[PDB]
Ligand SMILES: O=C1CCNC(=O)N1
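Given as structure tokens, the chain that follows is alone and in the form solved without the ligand.
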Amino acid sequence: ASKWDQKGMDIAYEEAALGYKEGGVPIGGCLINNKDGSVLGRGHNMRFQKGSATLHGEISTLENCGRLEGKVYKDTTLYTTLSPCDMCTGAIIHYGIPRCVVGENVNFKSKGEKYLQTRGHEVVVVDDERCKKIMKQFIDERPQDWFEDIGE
């Protein structure tokens, strides 16, 4: 089940780092087919890049996969550098993506992490230090922007 998890989190981290370089929030993701390891799409938070309230890393990832038949999502893993908010949790549930692998849940965690599990989805938190470090750097440099991004 975990065969592609290093590949997936490496891509998600690359997306976070790219977003950071663009002036955005360093949250990245990708969607991988569990059978063959192919990458259906990858993305990062586009709040700053696009003035976007909805393009979280996870949402941008799914957008970048394009229109798909519903069946395609059912044997994928969504990789995200940060534990998903209620909206991104809802996307995973809506599309029936069975597995979500999370870089870290230290800098952010919503009720969504547990809700995924109650709705029958697998959540794996890998506690990736690279993810924790880049996210903490953003929180330390741009706390007001982070507060906007979390929507409180």
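Note that residue numbering begins at 1 and tracks the sequence as displayed.
Just so you know, the form solved in complex with the ligand exists too; it's not on screen, but the next bit is about it.
Only one of the listed residues (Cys88, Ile32, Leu62, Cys100) places a non-hydrogen atom within 4.5 angstroms of the ligand in the entry with it bound, and that residue is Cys88. Although the partner is absent from this view, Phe108 contacts the ligand in the entry with it bound, with a non-hydrogen atom inside 4.5 angstroms.
Residues within 4.5 angstroms of the ligand in the entry with it bound, judged by any non-hydrogen atom, belong to 52-60 and to none of the other stretches in 66-74, 52-60, 117-125, 33-41. Applying a 4.5 Å heavy atom cutoff to the ligand in the entry with it bound picks out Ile27, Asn45 from 26-55, in order along the sequence.
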